[PDB]
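Let's start with one chain on its own, the form solved without ligand BHC, as structure tokens.
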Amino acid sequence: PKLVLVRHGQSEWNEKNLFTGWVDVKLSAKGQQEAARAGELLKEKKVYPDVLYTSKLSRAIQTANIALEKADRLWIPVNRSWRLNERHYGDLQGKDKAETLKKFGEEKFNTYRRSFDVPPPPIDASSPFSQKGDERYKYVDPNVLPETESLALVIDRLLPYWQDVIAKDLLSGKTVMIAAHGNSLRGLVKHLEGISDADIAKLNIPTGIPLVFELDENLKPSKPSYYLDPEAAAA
């Protein structure tokens, strides 16, 4: 089994320097370009996705749409799950980062961001940046939908989908492509490579560059992961 992870490029809120989380934000004109290059890299490097897996957040869906259109594989099957979404930023969704830093000071700020298990305070259910009762999640248990998260909490809800659903295609000899987000992807990678809780903060997965994993019958790396553009990734 071969798996391919693709992290989306920058969003319209990344540009405005706002915390995103689950807020459905569009890809910036810049991020739309990294997607094309991700697709160009798939075709070029001869990595051919048999099935596609995305989150319910537009930016990642778009990235897949663009990338698969340069790769000549727009036709492949597509499943979307909330469990592949980004780490919900809680109360911090739609709040200036630079302003957050001032109001919270450098320690607390860094915790909420590069901390493994400390979630931002939860967001108010009535806030303009609350996706509580959002149409795209109406067939899911309302009680499982988070109002704030941490990388650890992201991994918890991601695994069940991976184990059941994604594993199915991998174990069926299908090359799976996941177009996800920063937290959810490092989450998948922490699990796969057995990275401990402390060391995960050090992992960075760049944007618009496919990460490829070749797994054994037990879904454990047969060899070390590799990007289709090592140069661009090490920079």
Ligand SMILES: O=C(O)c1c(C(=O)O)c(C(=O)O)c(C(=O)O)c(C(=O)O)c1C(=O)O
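The first residue of the shown sequence is 1; numbering continues from there.
In what follows, reference is made to the form deposited with ligand BHC bound, a form of this protein that is not presented.
Pocket accessibility after superposing ligand BHC in the deposited bound form (3+ atoms within 2.4 Å of backbone/C-beta): Open, since after superposition no atom of the placed ligand lies within 2.4 Å of the backbone or C-beta atoms.
Could you tell me which of 129 to 137, 69 to 77, 159 to 167, 85 to 93 sits within 4.5 Å of ligand BHC in the deposited bound form, going by non-hydrogen atoms? Single hit among the candidates: 85 to 93.
Would you classify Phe19 as touching ligand BHC in the deposited bound form, given a 4.5 Å non-hydrogen atom cut-off? Looking in the deposited bound form, residue contacts with ligand BHC include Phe19, since a heavy atom lies within 4.5 Å.
Tell me, yes or no, whether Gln32 is in contact with ligand BHC in the deposited bound form, where a contact means a heavy atom of each within 4.5 Å. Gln32 lies outside the contact set for ligand BHC.
Applying a 4.5 Å heavy atom distance criterion, does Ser172 contact ligand BHC in the deposited bound form? Flag for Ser172 set to no.
Does ligand BHC get within 4.5 angstroms of any non-hydrogen atom of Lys108 in the deposited bound form? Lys108: no, not in contact with ligand BHC in the deposited bound form.
Triple contact flag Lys2, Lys190 and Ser225 to ligand BHC in the deposited bound form, non-hydrogen atom at 4.5 angstroms: No.
Residues from 7 to 39 in contact with ligand BHC (non-hydrogen atom within 4.5 Å) in the deposited bound form: Residues within 4.5 Å: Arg7, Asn14, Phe19.
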